[PDB]
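**Student:** Sharing a structure with you now.
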Amino acid sequence: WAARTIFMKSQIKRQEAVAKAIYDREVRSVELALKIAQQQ
Amino acid sequence: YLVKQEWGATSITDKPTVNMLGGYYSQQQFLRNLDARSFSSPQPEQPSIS
Numbered sequence: 202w203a204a205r206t207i208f209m210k211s212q213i214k215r216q217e218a219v220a221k222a223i224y225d226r227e228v229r230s231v232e233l234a235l236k237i238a239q240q241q
Numbered sequence: 052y053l054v055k056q057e058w059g060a061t062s063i064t065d066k067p068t069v070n071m072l073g074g075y076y077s078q079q080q081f082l083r084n085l086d087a088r089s090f091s092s093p094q095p096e097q098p099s100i101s
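Chain order of the listed sequences is B and C.
Quick note on the deposited numbering: the first sequence kicks off at 202 and runs consecutively.
Quick note on the deposited numbering: the second sequence kicks off at 52 and runs consecutively.
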């Protein structure tokens with residue numbers, strides 16, 4: 202049980218890291234597209 | 052009277068418990084239970100960690 206809960210904690214941390222990376226990339230692209238669209 | 056006396060002690064052992072293996076159990080499951088099978092598909096036959 203202890204090994205299992207450690208494993209799920211690691212998996213959850215990994216999923217949060219992946220989601221944070223995707224969100225950061227998307228938000229950066231969105232802001233930069235905002236600046237570009239404002240230019241035109 | 053001249054030969055050195057030899058006393059013998061006998062022990063017999065078996066496979067360890069999951070609890071007493073410690074964090075090694077988790078550190079081997081991270082390496083086999085998810086990494087190898089999912090990201091390589093080697094389809095091997097391997098014994099238990101214990």
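From the three backbone atoms N, C-alpha and C, an ideal C-beta is built for every residue, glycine too.
If you count every other CB in all the chains shown that lies within 10 Å of the CB of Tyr76/C, and 16 or more means buried, which is it?
**Tutor:** Buried, because 16 or more other Cβ atoms sit within 10 Å of the Cβ of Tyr76/C.
**Student:** Once the 5 residues before and after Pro67/C are set aside, which same chain residues still bring their CB inside 8 Å of it?
**Tutor:** The residues are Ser101.
**Student:** Would you call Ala234/B buried or exposed, if buried means 16 or more other Cβ atoms sit within 10 Å of its Cβ?
**Tutor:** By the neighbour-count rule (16 or more Cβ atoms within 10 Å), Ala234/B is not buried but exposed.
**Student:** Between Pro95/C, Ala60/C and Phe81/C, which has its C-alpha nearest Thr206/B's C-alpha?
**Tutor:** Out of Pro95/C, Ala60/C and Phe81/C, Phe81/C has the C-alpha closest to the C-alpha of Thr206/B.
**Student:** Between the Cα of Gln212/B and those of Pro93/C, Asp86/C and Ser91/C, spot the shortest distance and give me the residue it belongs to.
**Tutor:** Considering only alpha carbons, the answer is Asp86/C.
**Student:** Per DSSP, what kind of secondary structure is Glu217/B in: helix, strand or coil?
**Tutor:** Here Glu217/B sits in helix by DSSP.
**Student:** How many Å lie between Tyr52/C and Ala60/C at the Cα?
**Tutor:** Near 22 Å, if we compare the C-alpha coordinates of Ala60/C and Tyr52/C.
**Student:** Could you tell me whether any Cβ in chain B is nearer than 8 Å to the Cβ of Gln97/C?
**Tutor:** Answer no: the Cβ-Cβ gap between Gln97/C and chain B never drops below 8 Å.
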